[PDB]
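Structure at a glance
These are the residues of each chain, in order.
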Amino acid sequence: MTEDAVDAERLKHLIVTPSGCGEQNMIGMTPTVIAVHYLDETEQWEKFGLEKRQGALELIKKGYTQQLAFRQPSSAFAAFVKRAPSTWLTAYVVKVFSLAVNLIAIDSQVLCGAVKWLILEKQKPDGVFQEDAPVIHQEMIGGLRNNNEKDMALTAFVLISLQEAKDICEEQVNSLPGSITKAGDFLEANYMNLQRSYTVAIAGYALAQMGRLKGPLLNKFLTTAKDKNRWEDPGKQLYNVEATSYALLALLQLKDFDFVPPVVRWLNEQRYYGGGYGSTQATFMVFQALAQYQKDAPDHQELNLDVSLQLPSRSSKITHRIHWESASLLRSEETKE
Amino acid sequence: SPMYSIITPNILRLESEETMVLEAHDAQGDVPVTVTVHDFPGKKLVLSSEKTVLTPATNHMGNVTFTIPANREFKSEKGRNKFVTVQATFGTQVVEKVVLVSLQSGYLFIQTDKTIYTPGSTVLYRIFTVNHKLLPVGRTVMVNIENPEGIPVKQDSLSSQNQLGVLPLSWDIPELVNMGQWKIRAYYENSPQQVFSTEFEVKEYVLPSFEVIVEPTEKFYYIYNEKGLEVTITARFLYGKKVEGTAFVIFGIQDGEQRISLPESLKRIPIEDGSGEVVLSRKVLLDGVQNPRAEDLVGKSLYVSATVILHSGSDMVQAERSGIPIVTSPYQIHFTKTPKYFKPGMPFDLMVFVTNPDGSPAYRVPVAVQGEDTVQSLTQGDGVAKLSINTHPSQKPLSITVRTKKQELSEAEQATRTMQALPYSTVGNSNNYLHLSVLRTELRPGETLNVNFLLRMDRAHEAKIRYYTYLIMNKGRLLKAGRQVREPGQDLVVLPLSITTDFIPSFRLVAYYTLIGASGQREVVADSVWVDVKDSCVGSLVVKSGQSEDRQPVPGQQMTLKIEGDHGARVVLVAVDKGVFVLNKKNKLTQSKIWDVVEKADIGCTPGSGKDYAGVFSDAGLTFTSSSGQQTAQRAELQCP
Ligand SMILES: *[C@@H]1O[C@H](CO)[C@@H](O[C@@H]2O[C@H](CO)[C@@H](O)[C@H](O)[C@H]2NC(C)=O)[C@H](O)[C@H]1NC(C)=O
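Residues numbered from 1 in each chain as written, not as in the entry; some residues may be left out. Chains lettered and ligands numbered in written order. Part of a larger assembly, values for the part shown. Heavy atoms only, no water. Residues with missing side-chain atoms left out of burial classes, pairs and counts.

**Points about the nonpolar core**
As a reminder of what qualifies: Residues belong to one nonpolar core when they are buried, are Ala, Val, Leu, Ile, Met, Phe, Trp, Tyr or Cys, and are joined through side-chain atoms within 4.5 Å. Only protein chains enter the accessibility calculation, which uses a 1.4 Å probe. A residue is then buried if its area is under 20% of the maximum for its type, exposed if over 50%, and partly exposed in between. A run of H or I in DSSP becomes a helix once it reaches four residues, and a run of E becomes a strand once it reaches two; helices and strands are each numbered from the N terminus. Domain start and stop positions are those given by an automatic or database domain assignment. Here, two residues are considered to be in contact whenever any of their heavy atoms come within 4.5 Å of each other.
Core analysis: the largest hydrophobic core is formed by 147 residues, its most contacted members being A:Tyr191, B:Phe507 and B:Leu509. Counting residues per element, this core draws most heavily on helix α4 (residues 87-100) of chain A, at 10 residues. Each of two domains, domain 1 (1-106 + 601-632) and domain 5 (432-536) of chain B, supplies a minimum of three residues to this core. Those residues in contact with A:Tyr191 that lie beyond four places of it in its chain are A:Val200, A:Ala203, A:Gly204, A:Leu207, A:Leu213, A:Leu217, A:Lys220 and A:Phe221. Judged by nonpolar contacts, the second largest core, of 31 residues, contains B:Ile127, B:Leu169, B:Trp171 and B:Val202.

Below you can see the structure in the form of structure tokens.
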């Protein structure tokens, strides 16, 4: 009852070495990181090639070592040290670090300082997040290139960024719940008026990550689907794939299994392997959604039976439990009467 | 820069001592190295102990011994292949190679006193717990008994701790049970997928009083023979006496799984003096089947179902022999032992496995090559005949066909077989070979051996090589490593070898050297060979009767029997009446079965040589990784094709 995944027979191109400044460094290392995470979660290294894993791990380790130079003294990150820190770039750093904690030795203090720096002065009191330094190239931010509802989508993205690192810096920052509540109220206040399925999907994902996407908001999310199998946006299909990934992650969070299989089947149908200009974020998060299909993959079995028998002798009523690990656990009992 | 080489078994086993030979070439001074093992994927830090330093005095040689711990993470997934990473830190140089990890962690041998049990009778079976080195081990064993339809009836959970590897168990069959082929299955806790089994059947039997053996004169039937198949009935009492009764014989053709009977072959031969014979005219066999064609019968088989009745009309015994082949050729040729890769311009070995049509190895039958037929040899007691062909130094593949040349037979009866061997491939076409010519006879522990290292290289590079590295496999893991020196100019170097009792049953020997060639590119040339050893006990246990007089002891009279075995060992005994062996003689246990299981559980399946150095190491069951970058192939399948 689970759709098939990508065999990764043509995923070798995702190994791109870091180069240039921090922006180009992250552009190069994003496909490699997402590919190694997908392969590790899918356990497909047998066919992909076992010897490339160590090389990719060395690549990501030295990239993580190199990117630390661009870190500002205020625990902030940017394309250049002289350039002002970027809120979206810092949130992307938070995403990458929280994803790669299991692969590289991420400094907890650095991430905690970055989160505190974002919370204290990089957000409005109402919870809206402001971008104080646009990046050099607008093709990597993804849906924020278009200025329509840009602040709302940015706020939703930063809300997801802070919600995906709850346990990393829970003790260090005590104002996180207030920011969560402010962002949730701001997003739920203006969810109906959204016209872009990209913004609708990101707001729905952000609201469902903490449980405020219910009732009319959930109905609008469900009706946002085009032909009940895809999400459509004006322009290139990359935004459509991004919105589809948003919706897939939101549905996986909501544990609604009656609509995920069409979404993942459609995503595999286009076979979006990535590459090209302005495709880093889309490829990264579509493979991230494919990874979230894994590990916590829903399965058809729900075996939690509690079987009990009333023996006529009444000496001892035998009671046992049948589970998925005990599906083939044949039990034989004999009675002489 | 000096190159660091790490050699490990291609397949790792949980809870066992697995060696990792560490060797360095052209190393200078002491080079400490710490070996660490990490799970793949991730980094769980399973084991990073057993660090060792290197010494130029010991030729920069050293082996680290440890054991991979058994954790729930490995046991979490049992349906997909899993791998681990071994990493070595040669000072400032780092080398790491992935390797497959299996779940096999020993063997289980099930011994049952009888092979047929009546309902209402007890069952006594012992579970033997041994590891990959065939030693007693303390683990946890699950035991299940399955009825023929496939329903477990009784399950247990035993422990081999403090039992010295022997677990005696009993079970009571209910008086009312469906008969058939019962099965006992057991598996280790760590690897529930690996299931060992035995087979005992429940029957409504009563013990007979004599044994009937039907032994045809030859274990086959020549199709063109005019006399026809001949079978001899030898009825003998169990206690060593002759029979005087009558017999019935019926011959049937066994094709596939369907048995066809011949009504006209039934005979009533009066067995006298515990012996008798009966003929089968070829006309009856031809007319019994529908098709009168001759060649169609080739590939089928016959079976004899003899029934013997005493003159007193007391007991009847049905004895059946099946599997007598119908083959136009009285001999078979097998190339399961011959290497599939030769060396150009170098002597090549051709082990031919000449065997009888039924499957038993033949003995003293000449064999010869079709071309230059002056080369001849005779099969030894093991059914293997040595051969030797001189190979021209040409890169073209050579085709060899062998044909038996026994006298008093025509050219049609001789068996033929054709084989194609591929030439060894070097690196960069540098024409650097190594060959290892070794004696392949009925070797026994203790007797010496002479490995002949045969280097072949140009005079411009005959001085850089100053030694050799050789390894010995046995039962899947290493046994001994070492360096054989070779001063410059000595074309042939001989390596004396001590075959102890620990080399049973078949040790695979590899050998390789290294140097710098071409235009500064490091390279390695390797070689491997397959050697058989006599299949016998690692110890020596013999049972013999102390009382040399008072022949044929009266029932109720004592005797004393000696048990000559190695000191400190535990001996289990069981006495079985031969009647049950008369009524069922299959699914027993013996040394041959144990060695067959051990051989089947190997890691490599190519008897020596290979396409190239990486191929040679992969087939030999080792992975070889260098600091420079030289490496073998990748293995990801538990069972080789
Ligand atoms: C592989 O490890 C074993 C571990 O014992 C080494 O065996 C020792 O070898 C030395 C000399 O070679 C003997 O003095 C010891 O008595 C041996 N140990 C035991 C327990 O008998 C073996 O030498 C190692 N292999 C190599 C090539 O050094």
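**Topic: the domain arrangement of chain B**
The domains assigned to chain B are domain 1 (1-106 + 601-632), domain 2 (107-207), domain 3 (208-329), domain 4 (330-431), domain 5 (432-536) and domain 6 (537-600). A straight line from the C-alpha centre of domain 2 of chain B to that of domain 5 of chain B covers 44 Å.

**Points about unusual backbone geometry**
Cis geometry is found at the peptide bond from B:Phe40 to B:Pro41, where omega equals 5 degrees. B:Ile504 connects to B:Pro505 through a cis peptide bond whose omega is 0 degrees. In this fold, B:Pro505 is placed in the loop between β37 (492-498) and β38 (508-517). In this structure, A:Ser75 takes a positive phi of about 60 degrees despite not being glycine. One can find A:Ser75 in the loop between α3 (52-67) and α4. Phi is positive for B:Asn429, which is not a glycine, with a value near 55 degrees. With respect to the element layout, B:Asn429 can be found in the loop between β32 (416-423) and β33 (433-437).

**Brief notes about the packing of helix α1 (residues 22-42) of chain A against α4(A)**
Residues and elements named next belong to chain A. The line we're drawing: Note on method: axes are straight lines fitted to C-alpha atoms, helices fitted across the in-contact stretch only, with angles between N-to-C directions ranging 0 to 180 degrees. Orientation labels follow simple angle bins: below 35 degrees gives roughly parallel, above 145 gives roughly antiparallel, 65 to 115 gives roughly perpendicular, and whatever is left gives oblique. Handedness of a crossing is defined here by the sense of rotation of the near helix relative to the far one, left-handed for an anticlockwise turn of less than a right angle and right-handed for a clockwise turn. Only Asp, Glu, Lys and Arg are considered charged, only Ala, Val, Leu, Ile, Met, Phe, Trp, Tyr, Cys and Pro nonpolar, and every remaining residue, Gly among them, polar.
As a packed pair, α1 and α4 sit with axes 11 Å apart at the nearest point and diverge in direction by 30 degrees. Classified by the interaxial angle, the pair formed by α1 and α4 is roughly parallel. When you trace α1 past α4, the crossing you get is left-handed. Across the interface between the two elements, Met-26, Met-29, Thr-30, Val-33, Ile-34 and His-37 from α1 touch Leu-89, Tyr-92, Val-93, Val-96 and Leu-99 from α4. For the contact of α1 with α4, the residue count by class is 9 nonpolar, 2 polar and no charged.

**Concerning the UniProt feature "disulfide bond" in chain B**
Our working rule: Working definition: a disulfide is two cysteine sulfur atoms within 2.5 Å of each other. UniProt positions are given in the numbering used here, feature names are shortened, and annotations may be inferred rather than shown by experiment.
A separation of 2.0 Å between the sulfurs of B:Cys605 and B:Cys640 falls under 2.5 Å, matching the UniProt disulfide annotation for this pair. In this pair, B:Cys605 is assigned in the loop between α4 (591-600) and α5 (613-620) and B:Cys640 in the segment after β42 (622-626), connecting sequence segments 35 residues apart.

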